[PDB]
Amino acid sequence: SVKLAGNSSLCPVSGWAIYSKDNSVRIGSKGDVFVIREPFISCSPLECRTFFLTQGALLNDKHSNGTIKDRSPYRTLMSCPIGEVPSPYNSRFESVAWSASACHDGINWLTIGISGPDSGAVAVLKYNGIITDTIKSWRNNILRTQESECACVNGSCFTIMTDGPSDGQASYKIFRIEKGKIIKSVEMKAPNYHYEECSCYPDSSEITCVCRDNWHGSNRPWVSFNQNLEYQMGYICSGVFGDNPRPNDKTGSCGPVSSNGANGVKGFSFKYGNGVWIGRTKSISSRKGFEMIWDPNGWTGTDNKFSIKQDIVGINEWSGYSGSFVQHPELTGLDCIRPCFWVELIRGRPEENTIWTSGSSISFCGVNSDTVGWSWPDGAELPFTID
């Protein structure tokens, strides 16, 4: 076991090849499957796992009632092997949490699970499943984190957290964590920015985060930083708007695009020089569909011209959160960091006539060989017996 270097560059990719699909809600129709949301993938040097926040209940059970609510004392962070349904019989317990992050530094797992009341939430940090540190809300307004993987470089793992209104300017801090212990932190000087649910990846020894602006931006804000938490911020300039909801594609902005900027969805993007791989919903108003768009100058250009589009989920099928995850050369044997992504396909409320809300997941990896667009939807036919 050797700590991840995190010193190679992102691998340029031409398309996305399908990696996993769990069919959790269909299997959950009769079988014993957790009610979950906020799934995300993270890999160790040996295996890849699906992390998820359960609601402490099973599908098609009465306790799945009201699971449109995001936070409660019953939600717990657990994990299972990629592609497998999150079941009590195959899942590892990670932490009690309604907001989370996780990553492997090359030696052991780091987990961050937030509980503590909305009035004063506390993040529980675990290293190899043992509590190693905590950090409590400093704004008393729903302390919250990535809902995707943290990024690790040379024995250090890095993440972001938000505390404050999701309806206005809040406070965002970046953390450097070593062996589950917070080593240093910094408050961003980001007036008029909004950061939530960052999807972060390492690239050439530094970390880049693409996040969600729930306040007033339909493009995605980003933050990049070195190991000392020296930061840079901005918004993706491409007119290929990445958030949901959003306007129809047009001339973009290097600042928050106010039109349809309120609310949003967790998402991701990969920066390549002036170019960007953008993952987004197909519908501009609800989380339907999913597509990957290559915009060769979208990081810095405000135009709406792109070069490649790959279908991921059909436009009439439900989608949801999406996030980045990487496979390090220590795992793959490649000479660069492999970009991958996962997609949450949310079924039930608020779009469907159920008493419950849960998601399935699909994942893809970036390749330079041939790929094809298709639709890999959840595919469950709702409602269920419980309704």
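For every residue, the number given is its place in the sequence shown, counted from 1.
A summary of the deposited B-factors shows that, of 75-83 and 178-186, the stretch with the larger mean C-alpha value is 178-186. Remark: stretch with higher mean C-alpha B factor among 305-313 and 110-118 is 110-118. Take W294, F225, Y89, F270 and read off each C-alpha B-factor from the entry; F225 has the highest.
Ranking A170, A97, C150, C198 by Cα temperature factor from the entry places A170 first. Looking at the C-alpha B-factors along this chain, the one for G289 belongs to the lowest third.
Placement of the Cα temperature factor of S375 within the chain: lowest third of the modelled residues, per the deposited record. Sort the modelled residues of the chain by CA B factor and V25 lands in the lowest third.
In this PDB entry, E344 carries a Cα temperature factor that places it within the lowest third of its chain's modelled residues. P39 sits in the lowest third of its chain by CA B factor, as recorded in the PDB entry.
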